[PDB]
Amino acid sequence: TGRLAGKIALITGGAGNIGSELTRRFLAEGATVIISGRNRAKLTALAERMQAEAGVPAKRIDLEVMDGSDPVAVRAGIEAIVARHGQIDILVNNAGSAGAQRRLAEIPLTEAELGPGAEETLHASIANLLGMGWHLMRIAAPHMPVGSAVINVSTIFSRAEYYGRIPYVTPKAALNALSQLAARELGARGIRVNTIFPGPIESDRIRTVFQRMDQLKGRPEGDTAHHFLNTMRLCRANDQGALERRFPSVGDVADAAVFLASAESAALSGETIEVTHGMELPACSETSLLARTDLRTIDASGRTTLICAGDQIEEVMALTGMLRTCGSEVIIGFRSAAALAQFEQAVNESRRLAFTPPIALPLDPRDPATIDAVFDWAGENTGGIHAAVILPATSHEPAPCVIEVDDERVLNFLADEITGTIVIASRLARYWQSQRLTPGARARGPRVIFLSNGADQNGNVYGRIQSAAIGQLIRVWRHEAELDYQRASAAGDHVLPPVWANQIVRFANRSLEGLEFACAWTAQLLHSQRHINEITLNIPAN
């Protein structure tokens, strides 16, 4: 009768390799699975196929045609599913998008900009890989009884150096953060959330996609694959009984799925299981900023630093103050036209009790023209852009909850804080690397810091999701910038040095001196000769 007998499982990404095996195996374990997808012919072909493979009654298989990106299509779809079945016992977030396969500078943002091998926009990649699971957890959760299971399917590569794969890998890093936070709020309901990290799984498709990554790098046959096989601790037998490092099967993923769906995992919430044959990859890239800053870096003379901000004007004031004492010129770009307004008002406060405030220009990720516009002005007036500090689009988080939240806010957090932050970086990377092919005599070196908002009573839940995205972006933006550097140097092209980046998290501090402390290191890190290795730099309570 099977281990999931009588339970109702919803599986997204039913078409994909992994989604198909999860369906066949849950059917064999006695579940009624509903597969959800975008094309009505595709699901019906799959469901007939998955019925035939399982050897199961007809009413035990079902489908719902949905656009998992649209939360109102999700409300429609869930209501239909409930009305036939009453409740959902397992929710499996599979999400088969693979992302555009391009470097950070070359990522597509609009359909016109779309090309071969890059079939979705960035925002579509974010809405598929991070939005979809988020919307289900919010809408299905009121129909899941005490004892239910959410399963989120991530990848191992969301924490690994994965060349050219930012639109895929970054919303995955964000989803992990989403899972842990959803475990808190759904755990208080008796609903458990847990996560699977498949390694490289066996496919005909994955064979070609390691090749495209190999071609994007310099490197020959087998390169990306042999490297990850070598992080594997566990060898396995072949038919002759010899040991070997190979990829896991799709059935391995489904074993971990069944366990996490059945009542044999009833006491677990917030756990992760890496189906990788024990690929060993470093987990923590953090450190505390514990030392005093020492602004003896008047080396910032001539260099000019961009501040991407908006609505956080206390941070902008200190940031320009620090950077000016270093000798750096500052350009400041407010992301919403509103933020310019009360900033001009703040300088009006400055004119009382009075000396010059900096230049403010529009800098909007929705309208990537104004980013390119800012670069052009900087070349004519301030002699370039040499460093950037990037802030959250908003000062405060939209809501205290990750599950119990309206539809509009969640769509805004996706467009503003996640896609919009990637956009700024992708224009930065192309800027510095379209110029690196220019210089003749000798050049300085570019640096980036992402500086978060201060501690919040929410526990900074939305900020922490954003932080997980910024982290994995840096991991890959360092890696690409380095390989593009050494490669373009093989061309003999005297190129600007590769971009370095860090982020400073302020979540454990909410003091006025805490702000000045964090802004001074921002100025120190943008223009120092040395660098810090850790990706995330934490400022303590002090």
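In case it trips you up, residue 1 is the first one in the sequence shown, and so on.
Asker: For the step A354 to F355, what size class fits the number of deposited residues with no coordinates, none, 1 to 3, 4 to 9, or 10 or more?
Answerer: The entry leaves 1 to 3 residues without coordinates here.
Asker: Test of understanding: from the entry's C-alpha B-factors, which stretch has the higher mean, 257-265 or 330-338?
Answerer: It is 330-338 that shows the higher mean C-alpha B-factor.
Asker: Regarding 225-233 and 205-213, which shows the higher C-alpha temperature factor on average in the entry?
Answerer: In the deposited entry, the stretch with the higher C-alpha B-factor mean is 205-213.
Asker: Which is it among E274, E185, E113, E79: the one with the largest CA B-factor in the entry?
Answerer: Result of the comparison over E274, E185, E113, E79: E113.
Asker: Which of these, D484, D62, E516, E29, has its C-alpha atom at the highest B-factor, as the entry lists it?
Answerer: Of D484, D62, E516, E29, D484 has the highest C-alpha B-factor.
Asker: Looking at the temperature factor on the CA atom of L178, which third of the chain's modelled residues does it land in?
Answerer: Its C-alpha B-factor, which the entry lists for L178, ranks in the lowest third among residues of this chain.
Asker: Can you work out whether the C-alpha temperature factor of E315 puts it in the lowest, middle or highest third of the chain?
Answerer: Middle third - that is where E315 ends up once the chain's C-alpha B-factors are sorted.
Asker: Sorting the chain's CA B-factors, does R49 end up in the lowest, middle or highest third?
Answerer: According to the entry, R49 has a C-alpha B-factor in the chain's highest third.
Asker: Can you work out whether the C-alpha temperature factor of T370 puts it in the lowest, middle or highest third of the chain?
Answerer: Its C-alpha B-factor belongs to the highest third of this chain's values.
Asker: Which third of the chain holds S36 when residues are ordered by C-alpha B factor: lowest, middle or highest?
Answerer: CA B-factor rank for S36: middle third.
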